[PDB]
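Q: What follows is a single structure, and I will ask about it in a moment.
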Number of protein chains: 4
Amino acid sequence: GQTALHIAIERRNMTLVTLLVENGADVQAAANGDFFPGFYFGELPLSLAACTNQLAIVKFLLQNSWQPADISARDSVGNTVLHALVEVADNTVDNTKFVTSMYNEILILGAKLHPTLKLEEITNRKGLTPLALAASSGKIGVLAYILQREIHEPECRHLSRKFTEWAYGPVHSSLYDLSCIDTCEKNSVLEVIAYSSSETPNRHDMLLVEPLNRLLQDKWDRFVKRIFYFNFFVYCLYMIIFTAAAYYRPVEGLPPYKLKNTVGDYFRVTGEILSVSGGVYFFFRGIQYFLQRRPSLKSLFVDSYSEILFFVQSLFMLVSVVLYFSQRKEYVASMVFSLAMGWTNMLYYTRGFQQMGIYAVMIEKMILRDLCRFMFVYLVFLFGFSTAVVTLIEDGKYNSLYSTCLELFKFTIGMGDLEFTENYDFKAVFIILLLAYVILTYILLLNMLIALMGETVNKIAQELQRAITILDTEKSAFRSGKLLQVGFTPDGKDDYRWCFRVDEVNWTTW
Amino acid sequence: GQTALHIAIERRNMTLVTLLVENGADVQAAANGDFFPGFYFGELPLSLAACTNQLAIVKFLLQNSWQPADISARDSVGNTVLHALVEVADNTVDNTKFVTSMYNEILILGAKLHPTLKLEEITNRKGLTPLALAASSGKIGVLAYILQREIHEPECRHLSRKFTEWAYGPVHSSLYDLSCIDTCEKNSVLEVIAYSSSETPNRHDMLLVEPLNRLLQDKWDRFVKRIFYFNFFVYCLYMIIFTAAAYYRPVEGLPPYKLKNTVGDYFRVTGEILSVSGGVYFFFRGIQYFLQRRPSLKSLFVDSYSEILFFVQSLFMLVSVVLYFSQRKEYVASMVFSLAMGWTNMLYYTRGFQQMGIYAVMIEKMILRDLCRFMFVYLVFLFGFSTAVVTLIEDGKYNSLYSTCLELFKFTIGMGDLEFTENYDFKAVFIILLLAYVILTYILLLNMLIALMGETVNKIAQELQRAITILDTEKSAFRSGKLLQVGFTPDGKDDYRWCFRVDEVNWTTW
Amino acid sequence: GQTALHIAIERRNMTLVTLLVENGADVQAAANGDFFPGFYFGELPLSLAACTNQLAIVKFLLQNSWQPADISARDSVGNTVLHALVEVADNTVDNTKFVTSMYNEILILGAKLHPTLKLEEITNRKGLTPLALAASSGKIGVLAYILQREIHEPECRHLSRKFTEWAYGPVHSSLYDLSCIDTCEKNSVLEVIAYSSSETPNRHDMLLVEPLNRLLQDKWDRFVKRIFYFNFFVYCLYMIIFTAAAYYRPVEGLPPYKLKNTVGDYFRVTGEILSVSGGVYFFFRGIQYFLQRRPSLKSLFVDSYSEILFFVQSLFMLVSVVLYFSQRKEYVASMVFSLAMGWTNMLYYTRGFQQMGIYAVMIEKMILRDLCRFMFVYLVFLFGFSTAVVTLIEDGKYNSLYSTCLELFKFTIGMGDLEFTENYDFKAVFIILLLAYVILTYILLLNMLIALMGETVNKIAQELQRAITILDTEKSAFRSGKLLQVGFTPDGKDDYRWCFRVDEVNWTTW
Amino acid sequence: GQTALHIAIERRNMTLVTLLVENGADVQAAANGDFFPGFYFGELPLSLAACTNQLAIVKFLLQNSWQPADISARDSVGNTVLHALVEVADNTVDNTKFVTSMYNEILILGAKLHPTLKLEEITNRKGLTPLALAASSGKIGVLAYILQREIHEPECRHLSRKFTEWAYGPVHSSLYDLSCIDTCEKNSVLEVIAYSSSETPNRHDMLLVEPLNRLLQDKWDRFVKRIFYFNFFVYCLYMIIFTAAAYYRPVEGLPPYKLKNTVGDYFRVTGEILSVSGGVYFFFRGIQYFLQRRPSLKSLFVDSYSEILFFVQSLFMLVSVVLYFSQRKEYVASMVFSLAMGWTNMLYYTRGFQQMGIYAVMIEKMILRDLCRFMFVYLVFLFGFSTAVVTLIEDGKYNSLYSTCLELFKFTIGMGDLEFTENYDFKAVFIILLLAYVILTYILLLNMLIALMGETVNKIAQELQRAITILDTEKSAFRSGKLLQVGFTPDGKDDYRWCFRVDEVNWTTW
Ligand code: NA
């Protein structure tokens with residue numbers, strides 16, 4: 001699908017390009033090769049020039065007597081030259097510098113040639129703006145350049161995003177464009193950075209850009225602290241009510257239980273109803289959370305490992321209700337399961353409280369990454385050695401697998417047991433096997449712990465929990481801007497862009 | 001409240017300032033704006049010039065035909081130009097360099113114009129000298145510059161603080177001004193650095209400046225070692241006497257106890273009186289310590305966590321006396337409480353003894369920061385799981401909460417208990433709950449310990465206990481200087497400033 | 001054995017060398033001194049010049065009217081000038097640079113003078129090419145230079161190994177010579193790097209050179225994943241069959257056991273036959289592995305510590321069979337030993353699964369390096385203290401060594417025992433000895449663990465498991481190349497060298 | 001005591017010094033001031049000039065028409081100019097460079113003016129050569145310069161210490177002067193570095209200088225390996241004999257024991273005699289070791305902590321003999337004590353065996369530095385809490401201190417005990433006290449371990465055991481040189497200086 005102009009752009013023989021354009025060959029068309037091993041640039045000469053160190057060629061292409069190159073052209077994916085430039089970024093110092101410079105130059109040139117049109121709002125077929133993709137794909141450099149972009153040339157000042165409302169000696173106040181940042185209402189940058197599954201390279205590094213962290217802190221201190229505390233208090237109240245109702249369970253038999261006229265019975269019924277309603281609410285919240293987020297199965301356990309616990313607790317409560325209305329005695333078992341699991345899940349609110357711990361990330365390094373491994377290996381060892389031992393046994397209580405495993409389990413943990421290291425032949429063989437099993441398992445545990453410590457030392461000497469907490473609570477006085485005035489457009493109309501006031505104290509470069 | 005001269009100082013159009021002053025507009029007045037978002041400089045043109053890179057403007061302002069600018073002017077807060085310069089410091093290399101240079105230049109110029117006056121002793125309304133505020137607010141750079149300041153120009157040599165009594169080849173001896181350092185008797189710098197609540201940025205970094213550490217070591221080796229050892233010995237004697245008196249408590253009944261003529265009874269009465277007197281003394285010492293220090297409630301536990309223990313021990317002893325003189329049998333309980341707590345508090349003297357341990361700071365990282373967290377979480381888990389278990393129980397001894405919690409406590413710690421994992425339905429449910437509880441609690445403990453180790457490795461690869469011990473013991477042969485002679489004043493009078501002899505061995509720059 | 005030309009080469013008096021050669025003295029001969037304290041260079045003037053900063057002298061020697069120096073001469077060891085240059089490399093930046101430059105220059109010059117001959121294929125008496133020795137002896141720099149060598153001069157382009165099939169803007173594809181790399185079929189470089197005993201300096205650092213890692217990954221993802229999973233599955237199946245057969249062992253007496261017509265008996269016989277066949281297969285695989293590798297006795301335990309376990313398991317199974325066919329009752333003991341050991345050896349497949357753990361190298365730092373040390377020291381302590389204690393004992397059950405050691409063992413581990421700290425004189429002496437023993441042993445354990453952690457922190461902050469797994473499984477759709485065309489030889493014949501396509505995305509130096 | 005010439009040397013007015021010397025004032029005399037706050041230079045103008053950046057003045061002083069300055073003058077301490085220069089060194093890069101240059105210049109000048117005299121052998125009143133003091137006082141730079149000193153000027157080449165017997169291309173062999181290094185027979189440098197108490201700054205850093213480490217390794221591989229192994233074997237034999245003799249102790253009563261004619265009795269008597277002789281030998285070796293070393297009391301435990309153990313073991317054996325020949329039954333107790341302690345002391349030979357452990361220095365960081373601290377604190381806690389508890393007790397078995405402490409000891413370690421948490425009032429008080437005691441003690445232990453790990457990580461990331469082992473075994477085929485020839489003296493006599501051949505492979509600077 002390649003055409004001569006594409007090769008000339010690649011060869012950069014600007015004489016040949018000028019000769020091809022002098023006849024007026026073409027300036028758009030498109031490449032559609034399977035290769036286009038491969039390399040993607042937007043299947044256009046405009047994008048090809050913009051992406052491969054061509055300022056002269058792109059300047060010549062965008063406007064010319066024979067056939068001006070439309071800058072608003074949308075490709076099969078809708079990849080505009082700006083969106084293609086975003087797609088090509090690779091997060092390198094030289095590459096980042098060059099791509100930011102190219103973005104600036106192309107934007108200013110397009111504005112100067114066509115001031116009425118605004119290329120920033122252009123979106124692809126998927127329905128994403130170039131900044132939205134820069135955030136989704138993890139392009140830190142392009143995002144950093146855009147979020148604090150500024151233009152110092154008349155007739156295109158409107159394209160800038162950061163300004164300086166007033167400067168005073170050392171202190172000077174700067175304004176930031178929050179449009180498409182806090183509430184884009186469609187694919188807000190914060191939302192995309194937060195939602196996006198955990199494989200993007202620099203999800204954490206992209207929430208430290210200047211406006212974002214301050215915006216999150218402002219939202220927090222505005223309302224989210226109160227929302228979080230209210231949720232914590234109401235959850236504690238619900239758990240206390242559930243515990244009180246479950247403690248006073250009647251022992252007559254085979255529910256349902258008939259209401260007896262008394263204050264205690266009325267209170268018990270009220271508490272039962274409230275607990276069931278709360279469990280039902282949790283079930284619905286979890287199911288619709290899953291519906292609207294649609295996370296990857298791989299991310300269910302690595303991420304969002306608390307919502308699953310809440311959902312299964314709700315499942316336990318619902319199963320308890322079902323068994324309660326079926327004349328069964330296992331409703332109590334299900335109820336106690338749910339109660340204990342809720343008391344455990346109360347830990348979710350440990351966050352939002354600095355005092356409770358700053359480095360609570362080892363929970364994820366350990367409750368799965370090492371606990372599950374150790375349990376698996378230990379169970380395999382248990383089964384194998386128990387089978388060997390029971391095979392060695394002649395008769396008695398321990399010629400069965402379960403009895404032998406239950407006691408080989410006891411020896412290991414120091415509970416010990418009644419010494420059945422006796423009453424059979426091959427005494428030395430049995431003692432040797434027992435020693436081997438106990439040693440090996442404790443060796444394995446010792447390794448898990450050594451690995452934990454060795455990882456934590458540099459995980460803590462090499463390097464956002466609230467960045468997610470704030471958004472989730474927000475999505476359980478929510479503007480974060482005031483519609484300032486930053487001049488006018490190419491036309492003479494007041495421009496309003498939800499500026500976020502920020503003031504920094506500086507004491508040099510006066 | 002801003003006036004044209006203020007703007008001109010900000011704009012730095014020294015032509016415009018010269019024109020404004022040529023008419024003789026004004027050179028003092030004051031700014032009083034709510035803003036004066038904000039920025040503080042001393043609400044004067046003199047301070048404004050001194051604080052914002054103006055040497056020419058300040059030189060022109062301080063003296064001029066039309067209206068010389070009084071350098072001794074005191075503002076609403078009493079902020080002199082020097083005190084304002086101290087207030088503006090932000091602890092940056094360039095900012096520190098500039099502010100120190102400005103301080104030097106302004107001091108020398110003011111001395112030259114008005115040699116009789118001494119601006120250093122000037123104090124604000126609060127009653128603090130500029131050095132005192134530099135120490136209180138945590139301005140390390142300004143303090144470091146001032147403490148070892150020196151002037152190499154005749155007619156202003158008196159303003160210097162560091163000198164060179166005699167230089168000998170490699171070795172040369174320098175003298176340091178200790179006025180307002182060791183015993184200012186009002187707001188001594190050491191005292192301010194020590195008292196100041198724990199939020200100042202660099203309280204530790206400000207006790208390493210050259211004179212201070214040597215001064216503290218000299219005071220220590222002079223007297224404080226002996227004072228500390230004497231206190232330790234007398235406390236041990238008192239504790240031994242108290243233990244001996246408490247051991248021989250009579251068992252007759254319902255004090256007070258009538259004196260029986262015998263040597264043992266006389267000794268017992270003497271010991272009881274001495275112990276009560278000591279407890280009373282501790283109570284008074286603690287109460288008046290609290291009165292004269294008035295620490296923040298937030299700093300009671302983080303800092304001064306031993307004085308609180310001593311005070312509560314004294315409270316226990318006093319309550320014991322009160323119950324003793326009321327015909328009650330709980331005086332023994334209170335007495336044993338106080339005795340045990342004093343034996344524990346004996347640890348306070350572990351400091352002052354290098355040999356006992358250099359890195360004993362983990363006490364603070366752990367006895368509160370992790371012990372309290374773990375206890376809280378473990379108690380919550382205990383309550384929830386015990387309620388669940390007792391709800392599951394049908395009848396018997398363990399259908400009560402306390403009996404179940406007392407045994408669920410025993411399983412966890414390896415004491416175990418008589419196996420009540422029996423004699424009821426839902427056996428598997430109970431065993432599952434028990435396993436969950438035990439596991440979870442030990443998982444939590446394992447995390448606390450991992451966090452401890454991971455924090456300690458770099459707390460000990462990244463970075464004063466005696467700096468506080470020495471001052472406190474001093475405040476339970478206390479001069480640290482000898483009134484040397486360092487020349488004369490602008491007048492012809494001998495100058496005495498409590499020089500502290502210091503000699504350093506150097507082998508370069510000859 | 002040294003001759004004047006050798007000294008002149010050492011002295012570098014190129015005038016004297018030219019005068020010696022003008023008469024036509026000689027250009028080959030050989031040195032044979034015991035010294036040739038010592039220094040090896042290939043016992044030739046050609047090699048001596050090439051190895052000691054002589055380009056002019058080597059250029060003059062290789063060709064001259066009087067006596068051209070044959071470059072293909074082979075010495076007593078067969079050390080060609082190229083092979084000698086490889087032997088002299090010492091892995092230093094300057095030395096590496098110089099030796100690579102000398103190799104390049106000598107190769108190109110030899111090709112230009114004698115294009116028909118190919119010096120690369122030349123091999124020593126041992127039967128190794130220069131690259132093979134560079135890999136065997138651990139010469140990283142020479143290997144790195146050779147593996148990605150390239151020549152930019154006509155008439156010798158064939159000597160190059162790396163090419164550029166097509167370059168496209170940023171992306172450009174390069175081809176690598178895999179001849180003598182993947183399957184040399186004689187002494188392949190990968191094979192030599194892997195086999196070579198563990199004393200070579202940089203066995204790990206030599207498997208990161210550009211082509212090698214990508215080649216290993218390609219082989220893995222091609223077939224080795226499937227081979228490994230198939231082996232794991234079949235081993236699990238065999239172990240399950242063995243366990244099932246061993247569980248149902250009859251209890252009649254004194255094998256062999258007569259076949260009773262029933263489905264269960266048929267299945268039991270089938271399982272027994274399969275298990276014996278598997279053990280026999282493992283025995284043969286291990287013995288022939290040892291035969292064909294012939295590792296050092298020192299490397300048996302440090303390396304290949306799993307094959308030994310498999311072999312001894314097979315030995316246990318064979319001994320079980322032998323005792324089974326001899327009317328003995330210890331076949332069961334041998335069978336259970338083999339069963340347990342196989343269940344343990346199942347851990348070998350933990351590798352090949354990232355998820356199970358990345359840092360599983362501490363196994364080697366600990367299962368031997370610390371476990372064996374601790375066991376040895378603890379057993380010595382046990383023997384000494386038990387002898388002392390039994391000597392102290394007067395009469396009773398514990399006047400024998402075994403009874404005392406069995407109980408001194410119990411005290412230490414917290415099992416405790418029936419308190420025999422009673423019923424004899426010198427009570428305090430016994431208690432003191434017991435305390436000493438217990439303390440000392442736990443002190444020793446505490447040290448082993450401290451050393452483990454202190455080593456692991458920097459072993460994990462300072463710095464291939466699959467590099468060996470892949471080769472071993474390969475040697476349990478195996479080409480890794482496609483016979484590309486890279487031009488022609490000095491003659492006009494198509495050249496085929498098993499190119500490995502590789503494409504790298506680069507965004508600079510255009 | 002200062003004289004005008006001293007001041008002029010200090011002022012460096014070489015015109016004034018020339019004028020003072022023109023009259024011929026004096027060139028020796030001496031300073032004797034109490035100051036000579038202070039600064040020591042050798043109380044001479046020659047030493048003063050040499051020590052304070054004076055080459056011109058020292059050159060003028062050493063020789064002049066009026067009064068040549070004797071360079072061999074010895075002061076009150078005998079401080080020659082060279083010895084004074086050694087004394088003044090402070091181990092700084094600039095100071096080290098300058099002092100080495102001054103030493104070189106003064107030595108060469110003194111040799112040229114007076115070639116017959118040799119200033120190196122000059123010794124102070126204490127009887128030490130300048131190199132000996134450089135080693136004793138910890139002057140690393142001066143020692144490093146001297147040990148590999150070289151002079152490239154005829155008529156003074158003899159003063160050099162390092163030479164080059166033969167250079168061959170890359171490899172070149174250098175010879176080192178071992179006189180006064182290996183066996184000075186008086187105050188050998190190695191001996192001084194080893195003996196010297198543990199306060200010298202860089203005892204370790206001074207055993208890495210080029211000749212010393214190679215010399216130690218050569219001595220080791222020559223004989224010390226065999227000596228060490230022989231000692232280990234003979235000690236093991238003696239311990240086995242002692243254990244066998246002690247096992248068969250007769251039980252008749254009240255030694256001495258009459259000899260009964262039998263092989264067993266003869267063997268028993270032989271073993272007893274051998275054991276007593278060995279203990280006696282150890283006692284004598286230890287006492288005379290202490291006599292000839294005379295270490296500081298502070299260094300007895302920090303250093304040489306194994307010789308003390310051996311000596312006390314010998315004391316136990318001797319006391320056993322004494323009680324044996326006095327008709328007492330405690331000879332057995334003493335014998336078992338000595339036997340157990342010897343079995344423990346066997347650990348001393350763990351060194352000399354790399355395999356047993358490289359980082360076995362934590363023994364010293366822990367067996368004293370933390371074990372003793374923890375034991376002390378724990379015993380204090382034990383006493384205090386036990387006194388409190390026994391005071392609380394009313395009657396029964398535990399109204400005595402020992403019974404209560406013995407059980408409060410048991411609770412802590414998990415042995416537990418028969419639950420006496422019962423049968424008295426103030427139940428809650430007792431339980432609270434018990435919890436407090438147990439917690440506090442385990443908290444303290446946890447801290448000791450945390451400190452251990454935190455210290456070991458950087459003690460092992462920041463930085464000789466055999467350096468001491470080798471010397472001690474040597475001092476339980478001992479030349480290490482061969483009397484090479486290195487030219488002649490200023491006279492025409494062959495010079496012999498025990499050269500140590502050393503050859504280094506170098507591949508640059510040809
Ligand atoms: Na136990």
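Labeling convention for the structure tokens: chains A, B, ... as they appear, residues from 1 per chain, ligands from 1 in order of appearance.
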Around ligand 1, out to 12 Å and counting only C-alpha atoms and all ligand atoms, which residues are there? I want them as a ChimeraX atom specification.

A: /A:410-417 /B:410-411,413-417 /C:410-417 /D:410-411,413-417

Q: For a quick test of understanding: name the residues of chain C lying within 8 Å of chain A when counting only C-alpha atoms, and present them as a list in words.

A: residues 169, 170, 171, 243, 246, 247, 249, 332, 333, 336, 337, 339, 340, 343, 344, 356, 359, 362, 363, 414, 415, 452, 453, 456, 457, 460, 461, 503 and 507 of chain C

Q: Once you have the residues from the selection above, write them out as a JSON list (two decimals), in the first residue's frame, restricted to N, CA and C atoms.

A:
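Final output, saved to result.json:
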[["chain", "number", "residue", "atom", "x", "y", "z"],
["C", 169, "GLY", "N", 13.03, 3.38, 8.73],
["C", 169, "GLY", "CA", 12.89, 4.51, 9.62],
["C", 169, "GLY", "C", 13.44, 4.22, 11.01],
["C", 170, "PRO", "N", 12.56, 4.17, 12.03],
["C", 170, "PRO", "CA", 13.02, 3.78, 13.37],
["C", 170, "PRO", "C", 13.45, 2.33, 13.44],
["C", 171, "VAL", "N", 12.57, 1.45, 12.97],
["C", 171, "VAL", "CA", 12.77, 0.01, 13.14],
["C", 171, "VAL", "C", 13.70, -0.51, 12.06],
["C", 243, "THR", "N", 1.64, -44.45, 44.61],
["C", 243, "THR", "CA", 1.01, -44.30, 45.92],
["C", 243, "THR", "C", -0.19, -45.22, 46.05],
["C", 246, "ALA", "N", 1.02, -48.79, 46.51],
["C", 246, "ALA", "CA", 1.65, -49.03, 47.80],
["C", 246, "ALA", "C", 0.63, -49.03, 48.93],
["C", 247, "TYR", "N", -0.44, -48.24, 48.81],
["C", 247, "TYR", "CA", -1.45, -48.20, 49.86],
["C", 247, "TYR", "C", -2.08, -49.57, 50.07],
["C", 249, "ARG", "N", -1.01, -52.56, 49.82],
["C", 249, "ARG", "CA", -0.10, -53.68, 50.00],
["C", 249, "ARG", "C", -0.76, -54.75, 50.85],
["C", 332, "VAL", "N", 8.72, -53.36, 52.31],
["C", 332, "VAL", "CA", 7.79, -52.29, 52.63],
["C", 332, "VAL", "C", 8.55, -51.05, 53.09],
["C", 333, "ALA", "N", 9.56, -51.23, 53.93],
["C", 333, "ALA", "CA", 10.35, -50.09, 54.40],
["C", 333, "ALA", "C", 11.03, -49.38, 53.24],
["C", 336, "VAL", "N", 8.38, -47.48, 51.13],
["C", 336, "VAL", "CA", 7.90, -46.24, 51.71],
["C", 336, "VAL", "C", 8.98, -45.17, 51.65],
["C", 337, "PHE", "N", 10.24, -45.56, 51.85],
["C", 337, "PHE", "CA", 11.33, -44.60, 51.69],
["C", 337, "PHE", "C", 11.31, -43.99, 50.29],
["C", 339, "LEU", "N", 8.86, -43.88, 48.12],
["C", 339, "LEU", "CA", 7.64, -43.12, 47.89],
["C", 339, "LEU", "C", 7.74, -41.72, 48.49],
["C", 340, "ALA", "N", 8.16, -41.63, 49.75],
["C", 340, "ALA", "CA", 8.30, -40.33, 50.39],
["C", 340, "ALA", "C", 9.32, -39.48, 49.65],
["C", 343, "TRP", "N", 7.82, -38.10, 46.46],
["C", 343, "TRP", "CA", 6.91, -37.00, 46.76],
["C", 343, "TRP", "C", 7.68, -35.73, 47.08],
["C", 344, "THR", "N", 8.82, -35.87, 47.77],
["C", 344, "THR", "CA", 9.66, -34.71, 48.03],
["C", 344, "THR", "C", 10.28, -34.17, 46.74],
["C", 356, "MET", "N", 5.51, -19.47, 41.21],
["C", 356, "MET", "CA", 5.90, -20.15, 42.43],
["C", 356, "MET", "C", 7.05, -19.46, 43.15],
["C", 359, "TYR", "N", 12.93, -15.64, 43.43],
["C", 359, "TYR", "CA", 14.14, -15.80, 44.24],
["C", 359, "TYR", "C", 14.04, -17.09, 45.06],
["C", 362, "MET", "N", 17.91, -19.10, 47.48],
["C", 362, "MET", "CA", 18.26, -19.31, 48.88],
["C", 362, "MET", "C", 18.21, -20.77, 49.27],
["C", 363, "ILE", "N", 17.51, -21.61, 48.50],
["C", 363, "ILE", "CA", 17.55, -23.05, 48.72],
["C", 363, "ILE", "C", 19.00, -23.52, 48.79],
["C", 414, "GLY", "N", 11.32, -27.84, 73.14],
["C", 414, "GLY", "CA", 10.06, -27.44, 73.73],
["C", 414, "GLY", "C", 9.07, -28.56, 73.93],
["C", 415, "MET", "N", 9.30, -29.74, 73.34],
["C", 415, "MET", "CA", 8.56, -30.91, 73.78],
["C", 415, "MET", "C", 8.71, -31.12, 75.28],
["C", 452, "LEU", "N", 21.97, -15.61, 57.33],
["C", 452, "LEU", "CA", 21.11, -15.78, 56.16],
["C", 452, "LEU", "C", 20.53, -14.44, 55.71],
["C", 453, "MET", "N", 19.91, -13.71, 56.64],
["C", 453, "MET", "CA", 19.25, -12.47, 56.27],
["C", 453, "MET", "C", 20.25, -11.43, 55.78],
["C", 456, "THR", "N", 21.26, -12.30, 52.28],
["C", 456, "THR", "CA", 20.21, -12.16, 51.29],
["C", 456, "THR", "C", 19.91, -10.71, 50.94],
["C", 457, "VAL", "N", 20.08, -9.77, 51.88],
["C", 457, "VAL", "CA", 19.72, -8.40, 51.52],
["C", 457, "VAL", "C", 20.55, -7.91, 50.33],
["C", 460, "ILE", "N", 20.42, -9.68, 46.93],
["C", 460, "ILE", "CA", 19.21, -9.29, 46.21],
["C", 460, "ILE", "C", 19.23, -7.83, 45.80],
["C", 461, "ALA", "N", 20.27, -7.09, 46.18],
["C", 461, "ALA", "CA", 20.45, -5.67, 45.81],
["C", 461, "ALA", "C", 21.70, -5.57, 44.93],
["C", 503, "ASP", "N", 14.69, -7.96, 15.31],
["C", 503, "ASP", "CA", 14.30, -6.60, 14.99],
["C", 503, "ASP", "C", 14.22, -5.79, 16.27],
["C", 507, "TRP", "N", 15.01, 4.87, 18.10],
["C", 507, "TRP", "CA", 14.43, 6.17, 17.81],
["C", 507, "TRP", "C", 15.47, 7.28, 17.87]]

Q: Name all residues at most 12 Å from range 489-498 of chain A (count only C-alpha atoms; drop same-chain ones fewer than 2 positions away) and give them as a PyMOL selection string.

A: chain A and resi 111-112+114-118+154-163+175-184+479-487+500-501

Q: Report, in Å with one decimal, the straight-line distance from CA of residue 338 in chain C to CA of residue 314 in chain C.

A: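 For CA of residue 338 in chain C relative to CA of residue 314 in chain C, the distance reads 7.4 Å.
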
Q: Please give the complete set of residues from range 57-118 of chain B that DSSP, run on the backbone, assigns to alpha helix (DSSP H), formatted as a PyMOL selection string.

A: chain B and resi 57-62+81-88+93-113

Q: Using only C-alpha atoms, can you tell me which of A:395, A:194, A:271, A:144 comes closest to residue 425 in chain A?

A: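 Nearest to residue 425 in chain A: A:395.
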
Q: Measuring atom to atom with only C-alpha atoms, identify which of B:464, B:190, B:84, B:236 is nearest to residue 135 in chain B.

A: B:190

Q: What are the DSSP strand (DSSP E) residues of range 122-252 of chain A, as a list in words?

A: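 The strand (DSSP E) residues within range 122-252 of chain A come out as residues 162, 163, 164, 165, 166, 167, 168, 171, 172, 173, 174, 175, 176 and 177 of chain A.
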
Q: Restricting it to N, CA and C atoms, dump the selection as a short mmCIF file (atom, residue, chain, number, x, y, z; two decimals), in the first residue's frame.

A:
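Written file, result39.cif:
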data_model
loop_
_atom_site.label_atom_id
_atom_site.label_comp_id
_atom_site.auth_asym_id
_atom_site.auth_seq_id
_atom_site.Cartn_x
_atom_site.Cartn_y
_atom_site.Cartn_z
N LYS A 162 -1.94 26.50 31.17
CA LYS A 162 -1.46 27.07 32.42
C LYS A 162 -1.20 28.56 32.24
N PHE A 163 -1.61 29.35 33.23
CA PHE A 163 -1.46 30.80 33.17
C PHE A 163 -0.86 31.33 34.46
N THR A 164 -0.83 32.66 34.59
CA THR A 164 -0.28 33.33 35.78
C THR A 164 -1.19 34.52 36.07
N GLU A 165 -2.18 34.30 36.94
CA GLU A 165 -3.15 35.35 37.23
C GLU A 165 -2.48 36.58 37.83
N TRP A 166 -1.56 36.37 38.78
CA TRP A 166 -0.84 37.47 39.38
C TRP A 166 0.47 36.95 39.96
N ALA A 167 1.54 37.69 39.73
CA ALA A 167 2.85 37.40 40.30
C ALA A 167 3.22 38.50 41.28
N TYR A 168 3.75 38.10 42.44
CA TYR A 168 4.10 39.06 43.49
C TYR A 168 5.49 38.66 43.98
N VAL A 171 6.36 35.16 45.51
CA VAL A 171 5.18 34.32 45.33
C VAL A 171 4.47 34.71 44.04
N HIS A 172 4.03 33.71 43.29
CA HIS A 172 3.28 33.94 42.07
C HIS A 172 2.27 32.81 41.90
N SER A 173 1.05 33.18 41.53
CA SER A 173 -0.07 32.25 41.46
C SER A 173 -0.32 31.85 40.01
N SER A 174 -0.44 30.54 39.78
CA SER A 174 -0.67 29.99 38.46
C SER A 174 -2.00 29.24 38.44
N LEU A 175 -2.66 29.28 37.29
CA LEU A 175 -3.96 28.65 37.10
C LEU A 175 -3.82 27.47 36.16
N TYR A 176 -4.56 26.40 36.44
CA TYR A 176 -4.48 25.16 35.69
C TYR A 176 -5.83 24.82 35.08
N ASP A 177 -5.81 24.36 33.84
CA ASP A 177 -7.03 23.93 33.16
C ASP A 177 -7.47 22.57 33.70
#
